[PDB]
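A.B. asks: Take this structure, written in structure tokens, and hold onto it; I'll ask about it next.
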Amino acid sequence: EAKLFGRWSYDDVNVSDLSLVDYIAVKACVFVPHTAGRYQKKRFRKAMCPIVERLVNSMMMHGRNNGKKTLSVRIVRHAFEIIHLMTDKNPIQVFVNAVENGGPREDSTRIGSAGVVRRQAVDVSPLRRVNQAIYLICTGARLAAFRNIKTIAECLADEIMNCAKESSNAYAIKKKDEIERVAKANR
Amino acid sequence: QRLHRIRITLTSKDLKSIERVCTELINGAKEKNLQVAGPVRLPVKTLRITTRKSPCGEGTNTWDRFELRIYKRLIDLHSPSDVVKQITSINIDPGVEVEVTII
Amino acid sequence: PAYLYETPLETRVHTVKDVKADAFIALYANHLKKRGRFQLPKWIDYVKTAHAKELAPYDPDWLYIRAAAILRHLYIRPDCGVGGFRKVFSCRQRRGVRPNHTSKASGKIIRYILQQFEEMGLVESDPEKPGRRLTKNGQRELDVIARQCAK
Amino acid sequence: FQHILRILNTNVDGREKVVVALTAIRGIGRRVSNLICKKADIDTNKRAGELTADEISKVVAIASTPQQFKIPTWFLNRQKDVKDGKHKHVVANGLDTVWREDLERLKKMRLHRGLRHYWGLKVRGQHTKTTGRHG
Amino acid sequence: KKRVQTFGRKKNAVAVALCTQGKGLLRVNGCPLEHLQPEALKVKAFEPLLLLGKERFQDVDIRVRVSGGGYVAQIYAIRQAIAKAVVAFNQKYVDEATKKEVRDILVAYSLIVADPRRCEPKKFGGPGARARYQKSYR
Amino acid sequence: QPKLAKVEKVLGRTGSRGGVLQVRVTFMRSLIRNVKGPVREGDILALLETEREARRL
Amino acid sequence: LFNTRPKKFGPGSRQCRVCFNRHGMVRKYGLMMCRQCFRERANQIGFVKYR
Amino acid sequence: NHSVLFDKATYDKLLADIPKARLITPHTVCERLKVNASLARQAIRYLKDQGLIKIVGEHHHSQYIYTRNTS
RNA sequence: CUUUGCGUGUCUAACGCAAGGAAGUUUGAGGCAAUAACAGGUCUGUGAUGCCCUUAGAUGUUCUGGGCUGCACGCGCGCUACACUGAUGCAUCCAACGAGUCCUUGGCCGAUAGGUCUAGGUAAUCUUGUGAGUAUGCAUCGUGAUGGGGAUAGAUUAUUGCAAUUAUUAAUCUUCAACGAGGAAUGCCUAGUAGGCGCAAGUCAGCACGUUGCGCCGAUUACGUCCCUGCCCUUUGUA
């Protein structure tokens, strides 16, 4: 069985692309995004959590909004309902396809060969690309609704659908290409 | 004589001082074979003071964490008061406050 | 996809604890008007319900819902009084520039509603025993409308 | 429909609810404006851009003489007037002139408190080494 | 009569779930599980019902008595105490082979274990436990 | 565009601050590359440049 | 007449028995001990610090 | 920026306007319209009771979120 | 016991990973703390003290009153903020550390503070199961410096004290500023931890925006490194 909010089934659906596979934790699965459990003793317990839990967990910011997971459960429960409303299929399959495309491919590290702070082209790991994906999803949605009288759930639902899409309107998909602008040049 | 009920309080700072008394006075009762219940160990009232270590303000503001501990323990009996005076009066301990009470 | 799950048996509707507590107050507030008995204060224009609160309540039936809530709360904890009911409707006062603290509820309004229940005789002393309690007629007033609201 | 308004020689705005619109009048605030709205029998659901001639006429009467409609005295701004010696409600540009009287009273009397208004320092006894600096 | 009683522990919460033979009613203090706000976590309490099934629990009843902790910690105590009850209900009366099924399907899904994370004490020269205040320099 | 490659073994850890990490990959062939985040053996990752081999160390 | 105000309350009322000093007066459990005085004699009273 | 009353020109349109749209929220009324969010709540509460539209979920006290009825 | 399995090592000392287990970083967190010192700080913690000062027209002592709070302006620790994951009004129901010869239930009066008449408590017994607040549910508000923000200011009612003015606080009504995420610099921190949210104790007649403990809600990101800032041990150079 196992369904999120009881209205969705973990069973069925699929990972979008090779890589970022097995790093993601689907398959089995827990109704309700939330789980208080030990995930930070080893350094790859972080990709045992299902990514809906990692969304609600990292959705609390900044100092003022931290904690209150029960609050972040609600606004994600509304967000998955809205995703369903447009281009209806599976909120999870749209969300999994979003965090596939969300994070950056390559990155600029500072290796100078002694003396200088000089940039150099380095590809990103599969774990960090999932870490950066869910971070960049939220920081678009939070900044989008920070001053506007638009509910955060609306921003999150909108941000996720956009990320799956190639519109580039999103903050996340821009900040992918903003890094890949400089990462091309640092080759 | 008459059917009475006695419940004797014990208090001290040390654990080791009372564990003499709890073992001794129950065996002192079992000379005469009175209706003993075992020693009821109450929760420990830990007293606490935290002062600064330094006399003046200088250096990092470091602190002591001083503690006392107090151990209320209760030997239960059902026996008249003339019988118990032999048991308590012999085997008094150094620095252990003890008070016998009917009911 | 509809919502899953039940309990094994269909839940018994008899006592007041089986009723959801907010939905109880929605019914019994309306019962106080349509019956008529309970009677109004003079001061209703003023108040706000607490020293801590900085504004008066919006809903004009704030007294009936409070008298509805306090009467069921006697069933939850039998023994309680006025300083008890000051704690249960406590709240975060905002001190100003300073950090926040707790504060106790209003003593006039919480005492008065109990005296109106004493006049009918649903909640009563207890003159020697410290704290108010609901009587026999108090329970049957509650438990008859517990079955009605779920129906 | 009426955009913009004026009650008691002070400009009340439209596009605001009737309770909060009345706080734009000087010497009125949030808790008393509810008692004005409740005892004038105005619906709080209505908007301050409307306000018929019956509604404003009641508010001016209550604002002038709130002792008539059983407001029990602790709600009033200048409670015990210290001139005629009664429970008094000061509204609008009366409150400007009353503040001009009460400060210039204390300058003639020559209190310490009056000299703080004269120099324009902090009055209430606050540590002005560091705070209230810029001026 | 058939009786077992069991406890769970999240943090400083504790929840003694007595259970007996009966009709099929699961109750906290004297509510239904249908209440238990926050409501969002209401689904969380029903977790051992969904995994094991309805038709096991209808032979028994459970009555839980809870204190300590907070809002969320009280749910996790009840979560454990219901799951620990029906596992421990076998040992006394019902066949001992079916314990290995009903326990290990829940373990395949810390419902009996209880995670011992407790609050580390504060130390001097700082606001939090490990956090410190601020160094000034010049 | 991007073409996938499987990790044989972590080689060391590279750079001044030690954050970037050096890996032998195998296409899906072998060459040495640098990678950012947490990586272990039995792992697969995308590369835009199939060429461009990192210095041995 | 002279040599006495009302001396009932506040730090001027009371002093350290051991050293006659008002400042840093530990009055928990009725010690009446100035802190410089209290810390060095704390083991002899009963107080033993741990954790 | 926004208009506070019903605007009884647009009330005749507002029967037609909102059941067209796929999303029905607080925001989508003042998207189509240029009025404060508050009217939108009493609009979609009116369109529950009188008119067509239906809840996506039974309810919530913060984010409403209706669909078009499709009938 | 790092027990068992497989790797890693002159397979010696011991590491890594997986399974099992309440727990496998020495299981987590503290107390205790060497030899050398530094012209560190404290004669204002002391009946710990040498020397000097002054000793009745006093630097002893003590009484009335003021001052340490005085403001063109710099610097350091904190608190509340800028909102809609929100503010406000109603309802729902959950903690642990204390602490009292003062802590306060119960009943009447009062919008409030608070008062008044009884009443339990030398305390696992009474206050107290301290019905704590972030939280949850249902309403109104609508992006406006607005109901976010509560400084600044007038007027009134109680409380502690022998005395409240430079206002000790707590209330009730008003008064409605700056501030739209903070320039250069730079602090703290690796799991029940950060951060947020309260509570209790210490000083206390009265006063916490402070410190010391206590729980509750509970994340993100490392599991490496010697680039910056310091540290320890070798070889090396020194005027």
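In the structure tokens, each chain is lettered A, B, ... as it comes, each chain's residues begin at 1, and ligands are numbered from 1 in order of appearance.
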Quick check for you: according to DSSP on this backbone, which residues of chain C are classed as strand (DSSP E or B)? Reply as number ranges by chain.
C.D. replies: C: 50, 80, 91-93, 101-103, 105, 123-124, 132-134
A.B. asks: Within 6 Å of chain A, which residues of chain F are there when counting only C-alpha atoms? Please give them as a ChimeraX atom specification.
C.D. replies: /F:15,34-37,44-45
A.B. asks: Please dump the current selection as a compact mmCIF listing (two decimals), in the first residue's frame; keep N, CA, C and O atoms.
C.D. replies:
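Final file, selection.txt:
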# COMPACT_ATOMS: atom_id res chain seq x y z
N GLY F 15 43.05 19.60 -3.91
CA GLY F 15 42.88 21.04 -3.71
C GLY F 15 43.30 21.48 -2.32
O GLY F 15 43.64 20.65 -1.47
N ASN F 34 37.79 15.12 -11.57
CA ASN F 34 37.47 15.74 -10.28
C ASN F 34 35.96 15.84 -10.10
O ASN F 34 35.25 16.12 -11.07
N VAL F 35 35.47 15.62 -8.88
CA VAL F 35 34.05 15.79 -8.54
C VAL F 35 33.85 16.55 -7.22
O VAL F 35 34.72 16.52 -6.34
N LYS F 36 32.70 17.21 -7.09
CA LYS F 36 32.44 18.12 -5.97
C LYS F 36 32.08 17.36 -4.69
O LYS F 36 32.88 17.30 -3.75
N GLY F 37 30.89 16.77 -4.66
CA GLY F 37 30.21 16.44 -3.41
C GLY F 37 30.63 15.10 -2.84
O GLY F 37 31.70 14.59 -3.18
N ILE F 44 27.24 6.23 -10.33
CA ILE F 44 27.18 6.65 -11.74
C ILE F 44 26.80 8.13 -11.85
O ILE F 44 25.94 8.62 -11.11
N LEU F 45 27.46 8.84 -12.77
CA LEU F 45 27.39 10.30 -12.87
C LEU F 45 27.51 10.78 -14.32
O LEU F 45 28.17 10.14 -15.14
A.B. asks: Can you tell me, as a PyMOL selection string, what residues are no more than 10 Å from residue B:56 when counting only C-alpha atoms (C1' of nucleotides), ignoring any on the same chain fewer than 3 positions away?
C.D. replies: (chain B and resi 52-53+59+61) or (chain G and resi 36) or (chain I and resi 41-42+45)
A.B. asks: With N, CA, C and O atoms (P, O5', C5', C4', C3', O3' and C1' of nucleotides) kept, could you save the residues just selected as a PDB file, in the first residue's frame?
C.D. replies:
ATOM      1  N   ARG B  52      30.301  32.149  40.630  1.00  0.00           N
ATOM      2  CA  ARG B  52      31.510  32.365  39.825  1.00  0.00           C
ATOM      3  C   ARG B  52      32.752  31.885  40.576  1.00  0.00           C
ATOM      4  O   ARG B  52      32.820  31.984  41.804  1.00  0.00           O
ATOM      5  N   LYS B  53      33.723  31.362  39.828  1.00  0.00           N
ATOM      6  CA  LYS B  53      34.993  30.901  40.399  1.00  0.00           C
ATOM      7  C   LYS B  53      35.854  32.073  40.867  1.00  0.00           C
ATOM      8  O   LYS B  53      36.356  32.067  41.993  1.00  0.00           O
ATOM      9  N   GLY B  59      39.303  37.616  33.400  1.00  0.00           N
ATOM     10  CA  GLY B  59      39.295  36.329  32.710  1.00  0.00           C
ATOM     11  C   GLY B  59      37.949  35.984  32.099  1.00  0.00           C
ATOM     12  O   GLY B  59      37.041  36.818  32.060  1.00  0.00           O
ATOM     13  N   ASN B  61      34.336  34.163  32.157  1.00  0.00           N
ATOM     14  CA  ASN B  61      33.358  34.062  33.240  1.00  0.00           C
ATOM     15  C   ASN B  61      33.015  32.598  33.519  1.00  0.00           C
ATOM     16  O   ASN B  61      32.029  32.069  33.000  1.00  0.00           O
TER      17      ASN B  61
ATOM     18  N   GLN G  36      33.003  35.081  47.894  1.00  0.00           N
ATOM     19  CA  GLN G  36      34.425  34.808  48.030  1.00  0.00           C
ATOM     20  C   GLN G  36      34.560  33.907  49.246  1.00  0.00           C
ATOM     21  O   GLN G  36      35.324  32.947  49.236  1.00  0.00           O
TER      22      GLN G  36
ATOM     23  P     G I  41      47.993  43.661  35.598  1.00  0.00           P
ATOM     24  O5'   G I  41      46.646  42.996  36.130  1.00  0.00           O
ATOM     25  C5'   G I  41      45.365  43.343  35.567  1.00  0.00           C
ATOM     26  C4'   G I  41      44.242  42.727  36.370  1.00  0.00           C
ATOM     27  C3'   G I  41      44.197  43.082  37.847  1.00  0.00           C
ATOM     28  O3'   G I  41      43.620  44.369  38.064  1.00  0.00           O
ATOM     29  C1'   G I  41      43.775  40.760  37.547  1.00  0.00           C
ATOM     30  P     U I  42      43.938  45.186  39.409  1.00  0.00           P
ATOM     31  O5'   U I  42      43.248  44.303  40.539  1.00  0.00           O
ATOM     32  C5'   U I  42      41.832  44.374  40.791  1.00  0.00           C
ATOM     33  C4'   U I  42      41.426  43.350  41.827  1.00  0.00           C
ATOM     34  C3'   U I  42      41.997  43.557  43.221  1.00  0.00           C
ATOM     35  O3'   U I  42      41.213  44.505  43.945  1.00  0.00           O
ATOM     36  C1'   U I  42      42.179  41.268  42.600  1.00  0.00           C
ATOM     37  P     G I  45      37.241  43.306  45.991  1.00  0.00           P
ATOM     38  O5'   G I  45      36.655  42.120  46.877  1.00  0.00           O
ATOM     39  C5'   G I  45      35.316  42.171  47.410  1.00  0.00           C
ATOM     40  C4'   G I  45      35.213  41.373  48.691  1.00  0.00           C
ATOM     41  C3'   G I  45      36.386  41.469  49.657  1.00  0.00           C
ATOM     42  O3'   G I  45      36.295  42.639  50.465  1.00  0.00           O
ATOM     43  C1'   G I  45      35.784  39.201  49.373  1.00  0.00           C
TER      44        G I  45
END
A.B. asks: For chain I against chain F, with a cut-off of 10 Å and counting only C-alpha atoms (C1' of nucleotides), what is the closest atom pair and its distance in Å to one decimal for every residue that makes the cut, ordered by chain and number, as JSON lines?
C.D. replies:
{"residue": "I:222", "atom": "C1'", "partner": "F:38", "partner_atom": "CA", "distance": 9.0}
{"residue": "I:223", "atom": "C1'", "partner": "F:38", "partner_atom": "CA", "distance": 9.5}
{"residue": "I:224", "atom": "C1'", "partner": "F:18", "partner_atom": "CA", "distance": 6.1}
{"residue": "I:225", "atom": "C1'", "partner": "F:18", "partner_atom": "CA", "distance": 4.6}
{"residue": "I:226", "atom": "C1'", "partner": "F:16", "partner_atom": "CA", "distance": 7.0}
{"residue": "I:227", "atom": "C1'", "partner": "F:16", "partner_atom": "CA", "distance": 5.4}
A.B. asks: The selected residues should be written to file as a PDB file, in the first residue's frame (atoms: N, CA, C and O atoms (P, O5', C5', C4', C3', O3' and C1' of nucleotides)).
C.D. replies:
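This went into result.pdb:
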ATOM      1  P     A I 222      26.526  18.077   1.365  1.00  0.00           P
ATOM      2  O5'   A I 222      27.899  18.228   2.160  1.00  0.00           O
ATOM      3  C5'   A I 222      28.331  17.237   3.111  1.00  0.00           C
ATOM      4  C4'   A I 222      29.599  17.696   3.790  1.00  0.00           C
ATOM      5  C3'   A I 222      30.561  16.596   4.220  1.00  0.00           C
ATOM      6  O3'   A I 222      31.368  16.158   3.129  1.00  0.00           O
ATOM      7  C1'   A I 222      30.341  18.224   5.944  1.00  0.00           C
ATOM      8  P     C I 223      31.749  14.607   2.969  1.00  0.00           P
ATOM      9  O5'   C I 223      32.246  14.202   4.428  1.00  0.00           O
ATOM     10  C5'   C I 223      33.550  14.577   4.914  1.00  0.00           C
ATOM     11  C4'   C I 223      33.781  14.000   6.292  1.00  0.00           C
ATOM     12  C3'   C I 223      34.018  12.490   6.339  1.00  0.00           C
ATOM     13  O3'   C I 223      35.172  12.164   7.109  1.00  0.00           O
ATOM     14  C1'   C I 223      32.268  13.095   7.826  1.00  0.00           C
ATOM     15  P     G I 224      36.311  11.216   6.495  1.00  0.00           P
ATOM     16  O5'   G I 224      36.932  12.107   5.328  1.00  0.00           O
ATOM     17  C5'   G I 224      38.028  13.002   5.582  1.00  0.00           C
ATOM     18  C4'   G I 224      38.046  14.108   4.556  1.00  0.00           C
ATOM     19  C3'   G I 224      39.252  15.035   4.617  1.00  0.00           C
ATOM     20  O3'   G I 224      40.313  14.509   3.824  1.00  0.00           O
ATOM     21  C1'   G I 224      37.256  16.318   4.577  1.00  0.00           C
ATOM     22  P     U I 225      41.826  14.548   4.350  1.00  0.00           P
ATOM     23  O5'   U I 225      42.180  16.100   4.308  1.00  0.00           O
ATOM     24  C5'   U I 225      42.438  16.769   3.059  1.00  0.00           C
ATOM     25  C4'   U I 225      42.396  18.270   3.237  1.00  0.00           C
ATOM     26  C3'   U I 225      43.531  18.883   4.039  1.00  0.00           C
ATOM     27  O3'   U I 225      44.693  19.058   3.226  1.00  0.00           O
ATOM     28  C1'   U I 225      41.455  19.849   4.688  1.00  0.00           C
ATOM     29  P     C I 226      46.109  18.406   3.639  1.00  0.00           P
ATOM     30  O5'   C I 226      47.012  19.682   3.956  1.00  0.00           O
ATOM     31  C5'   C I 226      47.201  20.727   2.981  1.00  0.00           C
ATOM     32  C4'   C I 226      46.793  22.071   3.544  1.00  0.00           C
ATOM     33  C3'   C I 226      47.888  22.861   4.263  1.00  0.00           C
ATOM     34  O3'   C I 226      47.819  24.245   3.933  1.00  0.00           O
ATOM     35  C1'   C I 226      46.021  22.644   5.676  1.00  0.00           C
ATOM     36  P     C I 227      48.587  24.822   2.648  1.00  0.00           P
ATOM     37  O5'   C I 227      47.841  26.209   2.401  1.00  0.00           O
ATOM     38  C5'   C I 227      47.673  26.765   1.081  1.00  0.00           C
ATOM     39  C4'   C I 227      46.696  27.921   1.103  1.00  0.00           C
ATOM     40  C3'   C I 227      46.575  28.700   2.408  1.00  0.00           C
ATOM     41  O3'   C I 227      47.585  29.706   2.485  1.00  0.00           O
ATOM     42  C1'   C I 227      44.414  28.135   1.628  1.00  0.00           C
TER      43        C I 227
END
A.B. asks: Write out as a list in words which residues come within 9 Å of residue F:31 when counting only C-alpha atoms (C1' of nucleotides), dropping same-chain ones fewer than 6 positions away.
C.D. replies: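 Surrounding residues, per the criterion: residues 23, 24, 25, 51, 52, 53 and 54 of chain F.
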A.B. asks: From the set D:45, D:130, D:67, D:73, which residue has the shortest atom-to-atom contact distance to residue H:42, counting only C-alpha atoms?
C.D. replies: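 Ranking D:45, D:130, D:67, D:73 by distance to residue H:42, first place goes to D:45.
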A.B. asks: Quick one: residues within 10 Å of stretch 34-42 of chain E, only C-alpha atoms (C1' of nucleotides), excluding same-chain residues fewer than 3 positions away - as an MDAnalysis selection string?
C.D. replies: (chainID A and resid 5 32 34 70:71 73:74 77) or (chainID C and resid 6:7 11 18:21) or (chainID E and resid 26:28 31 45:47 71:72 74:76) or (chainID I and resid 92:93 135:137)
A.B. asks: Return the neighbours of chain D among the residues of chain I, cut-off 6 Å, counting only C-alpha atoms (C1' of nucleotides), as an MDAnalysis selection string.
C.D. replies: chainID I and resid 69 71 155:156 166:167 172:174
A.B. asks: Would you save the residues of that selection, restricted to N, CA and C atoms (P, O5', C5', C4', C3', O3' and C1' of nucleotides), as a PDB file, in the first residue's frame?
C.D. replies:
ATOM      1  P     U I  69      26.329  55.431  35.474  1.00  0.00           P
ATOM      2  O5'   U I  69      24.787  55.763  35.247  1.00  0.00           O
ATOM      3  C5'   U I  69      24.361  57.069  34.808  1.00  0.00           C
ATOM      4  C4'   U I  69      22.916  57.044  34.371  1.00  0.00           C
ATOM      5  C3'   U I  69      22.297  58.411  34.069  1.00  0.00           C
ATOM      6  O3'   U I  69      21.792  58.487  32.738  1.00  0.00           O
ATOM      7  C1'   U I  69      20.866  57.122  35.461  1.00  0.00           C
ATOM      8  P     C I  71      20.838  64.341  30.136  1.00  0.00           P
ATOM      9  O5'   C I  71      21.807  65.186  29.195  1.00  0.00           O
ATOM     10  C5'   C I  71      21.425  65.467  27.833  1.00  0.00           C
ATOM     11  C4'   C I  71      22.638  65.686  26.953  1.00  0.00           C
ATOM     12  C3'   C I  71      22.568  65.045  25.570  1.00  0.00           C
ATOM     13  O3'   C I  71      23.215  65.862  24.596  1.00  0.00           O
ATOM     14  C1'   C I  71      24.423  64.180  26.724  1.00  0.00           C
ATOM     15  P     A I 155      -0.032  65.443  32.034  1.00  0.00           P
ATOM     16  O5'   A I 155      -1.337  64.530  31.984  1.00  0.00           O
ATOM     17  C5'   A I 155      -2.647  65.116  31.868  1.00  0.00           C
ATOM     18  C4'   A I 155      -3.715  64.049  31.880  1.00  0.00           C
ATOM     19  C3'   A I 155      -3.817  63.210  33.148  1.00  0.00           C
ATOM     20  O3'   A I 155      -4.486  63.892  34.205  1.00  0.00           O
ATOM     21  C1'   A I 155      -3.989  61.811  31.247  1.00  0.00           C
ATOM     22  P     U I 156      -4.248  63.446  35.727  1.00  0.00           P
ATOM     23  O5'   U I 156      -4.852  61.973  35.770  1.00  0.00           O
ATOM     24  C5'   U I 156      -6.156  61.707  36.326  1.00  0.00           C
ATOM     25  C4'   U I 156      -6.671  60.348  35.903  1.00  0.00           C
ATOM     26  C3'   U I 156      -6.518  59.230  36.919  1.00  0.00           C
ATOM     27  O3'   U I 156      -7.534  59.282  37.917  1.00  0.00           O
ATOM     28  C1'   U I 156      -5.894  58.446  34.772  1.00  0.00           C
ATOM     29  P     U I 166      10.390  63.711  36.826  1.00  0.00           P
ATOM     30  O5'   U I 166      11.673  62.767  36.830  1.00  0.00           O
ATOM     31  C5'   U I 166      12.123  62.127  35.623  1.00  0.00           C
ATOM     32  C4'   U I 166      13.525  61.594  35.804  1.00  0.00           C
ATOM     33  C3'   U I 166      13.726  60.632  36.976  1.00  0.00           C
ATOM     34  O3'   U I 166      14.267  59.384  36.532  1.00  0.00           O
ATOM     35  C1'   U I 166      15.321  62.408  37.053  1.00  0.00           C
ATOM     36  P     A I 167      14.190  58.068  37.467  1.00  0.00           P
ATOM     37  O5'   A I 167      13.128  57.121  36.741  1.00  0.00           O
ATOM     38  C5'   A I 167      12.123  57.600  35.820  1.00  0.00           C
ATOM     39  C4'   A I 167      10.986  58.269  36.557  1.00  0.00           C
ATOM     40  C3'   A I 167       9.971  57.353  37.229  1.00  0.00           C
ATOM     41  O3'   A I 167      10.481  56.870  38.467  1.00  0.00           O
ATOM     42  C1'   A I 167       8.918  59.265  36.242  1.00  0.00           C
ATOM     43  P     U I 172      -4.704  47.107  29.795  1.00  0.00           P
ATOM     44  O5'   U I 172      -6.235  47.553  29.736  1.00  0.00           O
ATOM     45  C5'   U I 172      -6.895  48.186  30.858  1.00  0.00           C
ATOM     46  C4'   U I 172      -7.459  49.537  30.474  1.00  0.00           C
ATOM     47  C3'   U I 172      -6.975  50.139  29.163  1.00  0.00           C
ATOM     48  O3'   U I 172      -7.658  49.626  28.022  1.00  0.00           O
ATOM     49  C1'   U I 172      -6.838  51.773  30.855  1.00  0.00           C
ATOM     50  P     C I 173      -7.030  49.813  26.555  1.00  0.00           P
ATOM     51  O5'   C I 173      -7.290  51.353  26.241  1.00  0.00           O
ATOM     52  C5'   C I 173      -8.618  51.858  26.006  1.00  0.00           C
ATOM     53  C4'   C I 173      -8.641  53.365  26.132  1.00  0.00           C
ATOM     54  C3'   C I 173      -8.003  54.133  24.988  1.00  0.00           C
ATOM     55  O3'   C I 173      -8.916  54.282  23.904  1.00  0.00           O
ATOM     56  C1'   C I 173      -7.330  55.061  27.076  1.00  0.00           C
ATOM     57  P     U I 174      -8.439  54.015  22.396  1.00  0.00           P
ATOM     58  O5'   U I 174      -6.972  54.636  22.366  1.00  0.00           O
ATOM     59  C5'   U I 174      -6.523  55.506  21.307  1.00  0.00           C
ATOM     60  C4'   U I 174      -6.300  56.908  21.829  1.00  0.00           C
ATOM     61  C3'   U I 174      -5.136  57.661  21.200  1.00  0.00           C
ATOM     62  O3'   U I 174      -5.589  58.357  20.043  1.00  0.00           O
ATOM     63  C1'   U I 174      -4.938  57.724  23.561  1.00  0.00           C
TER      64        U I 174
END
A.B. asks: Give me the residues within 10 Å of residue C:45 as a ChimeraX atom specification, counting only C-alpha atoms (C1' of nucleotides) and dropping any in the same chain fewer than 5 places off.
C.D. replies: /C:56,60 /D:34-36,38-39,70-71
A.B. asks: Taking N, CA, C and O atoms for each residue, export the selection above as a PDB file, in the first residue's frame.
C.D. replies:
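Contents of part.pdb, freshly written:
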ATOM      1  N   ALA C  56     -10.844  43.886  21.521  1.00  0.00           N
ATOM      2  CA  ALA C  56     -12.101  43.210  21.857  1.00  0.00           C
ATOM      3  C   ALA C  56     -12.412  42.092  20.849  1.00  0.00           C
ATOM      4  O   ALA C  56     -11.932  42.143  19.712  1.00  0.00           O
ATOM      5  N   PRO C  60     -20.141  38.654  18.095  1.00  0.00           N
ATOM      6  CA  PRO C  60     -21.012  39.175  19.159  1.00  0.00           C
ATOM      7  C   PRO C  60     -21.519  38.123  20.159  1.00  0.00           C
ATOM      8  O   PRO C  60     -21.999  38.496  21.231  1.00  0.00           O
TER       9      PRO C  60
ATOM     10  N   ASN D  34     -14.613  50.279  17.930  1.00  0.00           N
ATOM     11  CA  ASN D  34     -15.592  49.184  18.033  1.00  0.00           C
ATOM     12  C   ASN D  34     -16.822  49.550  18.869  1.00  0.00           C
ATOM     13  O   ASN D  34     -17.949  49.235  18.481  1.00  0.00           O
ATOM     14  N   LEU D  35     -16.601  50.206  20.008  1.00  0.00           N
ATOM     15  CA  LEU D  35     -17.698  50.698  20.855  1.00  0.00           C
ATOM     16  C   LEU D  35     -18.515  51.817  20.202  1.00  0.00           C
ATOM     17  O   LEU D  35     -19.714  51.934  20.459  1.00  0.00           O
ATOM     18  N   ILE D  36     -17.867  52.636  19.371  1.00  0.00           N
ATOM     19  CA  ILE D  36     -18.568  53.616  18.528  1.00  0.00           C
ATOM     20  C   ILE D  36     -19.423  52.915  17.462  1.00  0.00           C
ATOM     21  O   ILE D  36     -20.581  53.282  17.262  1.00  0.00           O
ATOM     22  N   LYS D  38     -20.496  49.681  17.453  1.00  0.00           N
ATOM     23  CA  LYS D  38     -21.524  48.851  18.099  1.00  0.00           C
ATOM     24  C   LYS D  38     -22.717  49.666  18.616  1.00  0.00           C
ATOM     25  O   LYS D  38     -23.867  49.249  18.452  1.00  0.00           O
ATOM     26  N   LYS D  39     -22.440  50.818  19.227  1.00  0.00           N
ATOM     27  CA  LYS D  39     -23.483  51.674  19.817  1.00  0.00           C
ATOM     28  C   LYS D  39     -24.093  52.701  18.847  1.00  0.00           C
ATOM     29  O   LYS D  39     -25.119  53.306  19.165  1.00  0.00           O
ATOM     30  N   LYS D  70     -23.334  55.713  27.836  1.00  0.00           N
ATOM     31  CA  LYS D  70     -22.859  54.740  28.832  1.00  0.00           C
ATOM     32  C   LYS D  70     -21.531  54.072  28.446  1.00  0.00           C
ATOM     33  O   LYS D  70     -21.411  52.843  28.460  1.00  0.00           O
ATOM     34  N   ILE D  71     -20.545  54.897  28.094  1.00  0.00           N
ATOM     35  CA  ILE D  71     -19.142  54.483  28.061  1.00  0.00           C
ATOM     36  C   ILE D  71     -18.521  54.813  29.425  1.00  0.00           C
ATOM     37  O   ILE D  71     -18.458  55.987  29.795  1.00  0.00           O
TER      38      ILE D  71
END
A.B. asks: Residues at most 9 Å from residue B:1, counting only C-alpha atoms (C1' of nucleotides), excluding those fewer than 6 positions away in the same chain, as a count of residues only?
C.D. replies: 3
A.B. asks: Tell me the residues of chain E close to chain C, meaning within 8 Å using only C-alpha atoms, as a ChimeraX atom specification.
C.D. replies: /E:23-26,30-32,35,50,54-55,57-58
A.B. asks: With only C-alpha atoms considered, list every residue of chain E at most 12 Å from chain G, as a ChimeraX atom specification.
C.D. replies: /E:121-124
A.B. asks: Could you please take those selected residues and save N, CA, C and O atoms as a compact mmCIF listing (two decimals), in the first residue's frame?
C.D. replies:
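part.txt was written with the following content:
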# COMPACT_ATOMS: atom_id res chain seq x y z
N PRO E 121 22.63 18.79 28.08
CA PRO E 121 22.54 19.89 29.04
C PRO E 121 23.27 21.15 28.57
O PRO E 121 24.21 21.06 27.77
N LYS E 122 22.83 22.30 29.06
CA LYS E 122 23.49 23.58 28.77
C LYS E 122 24.81 23.71 29.54
O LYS E 122 24.95 23.18 30.65
N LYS E 123 25.76 24.42 28.94
CA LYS E 123 27.05 24.73 29.57
C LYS E 123 27.26 26.24 29.63
O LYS E 123 26.71 26.99 28.82
N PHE E 124 28.07 26.67 30.59
CA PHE E 124 28.29 28.10 30.85
C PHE E 124 29.11 28.77 29.75
O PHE E 124 29.84 28.11 29.00
